[PDB]
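Starting off, we have a lone chain in the form solved without uridine 5'-triphosphate, written out as structure tokens.
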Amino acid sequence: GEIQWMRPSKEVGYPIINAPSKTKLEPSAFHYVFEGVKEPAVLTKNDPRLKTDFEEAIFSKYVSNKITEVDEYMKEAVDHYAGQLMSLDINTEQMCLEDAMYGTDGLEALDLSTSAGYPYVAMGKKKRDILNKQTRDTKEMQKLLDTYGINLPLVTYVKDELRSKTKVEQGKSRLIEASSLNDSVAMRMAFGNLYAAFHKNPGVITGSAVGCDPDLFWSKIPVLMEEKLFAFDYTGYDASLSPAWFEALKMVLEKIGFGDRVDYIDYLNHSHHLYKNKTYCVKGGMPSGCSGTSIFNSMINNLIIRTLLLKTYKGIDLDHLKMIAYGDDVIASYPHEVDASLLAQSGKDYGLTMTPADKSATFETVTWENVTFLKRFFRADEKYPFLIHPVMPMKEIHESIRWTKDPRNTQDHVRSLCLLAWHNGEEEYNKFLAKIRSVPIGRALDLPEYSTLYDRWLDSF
């Protein structure tokens, strides 16, 4: 990820974008009943809590490109992984516009709330104006695809989410590059079946966990894993991807019968953006708000791990590599132990910043007792050990519950948190409910009791 040039949108014939100046996050009914050190992210240059410059901070995520081309290791990584994906026998056909828009088995319908992108965000035209979940009309879109084509700029928003005290004072706010509806729709027709295959097959064959149900999936993971687990964290993964990874991705796509439309990847790779009154071209780096971002990040992560293993451990048997990635987050295993610290060093060769798994000071052995995936620990059930609980630390939940974007969505936001919470144990869950019910709002909510959640869970297998 590296900016090639940047300048006023007017110079290249583009208008200005009105990204909202105020956060939607405000203290919830539970703000003072729970403990949390997070605050809404910095959105504009004006925020009094800023210590260092704002503009610089947000864009500093674009490092540079350490590699240009695809080497021998990467090529073999491509072969191996492409080889696995073929066993799924994925439908290489294109997906009709209807499904691409309003869903189908394996793919949810377009998110009616998220940004519509250029040129719509500049005409004041929203998504609710182009779609009907009941009419399932496509004449609207169809006309718009003919009118503004594809390959449109990515409108760039500052993400409205909670952040640590440090990251707020250093303006370390994350960016959302939202693709135009046209691009999103197009890509969905182009790769819909691929996405669906992935969602319907979370595991070690896809090497993906996208679209999984952790309550159920956790019990499968251990079985799918080889004897020795290894993991690490990435720093600014999306932005650190060099154009070469995208090439390898195209190679994979091409090998699985999608060669036909690998150009779409070029669009993600060598991207064109709009932010406020500026416009910039970016070389490398996966844009965050695009159709397929997760899946593609996950696919690349598969290639990354393989590449590093080939480089670092010549002779390795990739067929005995069991990994599951969700974007940059990953859980992997091998019959023999591996040294993540080595892999991290080889990582830098490919422009990758790999650090000890879960902010650990130094690389330590990964065990079922200390490993996390999607922020969750794995804890065998006390009564039925063959069933595994996805355990989200309470800290995370406490943080989340203290804020709110919409007072009407409180019922669901709390309800959601419970589905996460109860895995921490009955004593823990009850304390949580106790705290919730200490305030008028939380008392008027409709939440499930521990035993209820636990039974529904057992019944679910």
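Quick note: we count residues from 1 along the sequence shown, nothing fancier.
This protein has a second form, the form deposited with uridine 5'-triphosphate bound, left out of what is shown; the following refers to that one.
> Looking at 133 to 141, 274 to 282, 234 to 242, 303 to 311, which lies within 4.5 angstroms of uridine 5'-triphosphate in the bound PDB entry, counting heavy atoms?
Single hit among the candidates: 234 to 242.
> Only one of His270, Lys167, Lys127, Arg261 comes within 4.5 Å of uridine 5'-triphosphate in the bound PDB entry by heavy atoms, so just point that one out.
Of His270, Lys167, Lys127, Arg261, the residue with a heavy atom within 4.5 Å of uridine 5'-triphosphate in the bound PDB entry is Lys167.
> Of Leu343, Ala197, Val121, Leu175, which one comes within 4.5 Å of uridine 5'-triphosphate in the bound PDB entry, counting heavy atoms only?
Answer to the contact question: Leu175.
> Taking uridine 5'-triphosphate as it sits in the bound PDB entry, is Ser115 near enough to touch it, meaning that at least one heavy atom pair lies within 4.5 angstroms?
Taking the distances in the bound PDB entry, the answer for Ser115 is no, it never comes within 4.5 Å of uridine 5'-triphosphate.
> Does any part of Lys159 reach within 4.5 Å of uridine 5'-triphosphate in the bound PDB entry? Heavy atoms only, please.
It does: once uridine 5'-triphosphate is placed as it appears in the bound PDB entry, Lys159 has a heavy atom within 4.5 Å of it.
> Hey, in the bound PDB entry, does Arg163 get a heavy atom within 4.5 angstroms of uridine 5'-triphosphate?
Contact check for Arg163: yes, within 4.5 Å of uridine 5'-triphosphate in the bound PDB entry.
> So in the bound PDB entry, is uridine 5'-triphosphate close enough to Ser288 to count as touching (4.5 Å, heavy atoms)?
Judged by the heavy-atom cut-off of 4.5 Å, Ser288 is in contact with uridine 5'-triphosphate in the bound PDB entry.
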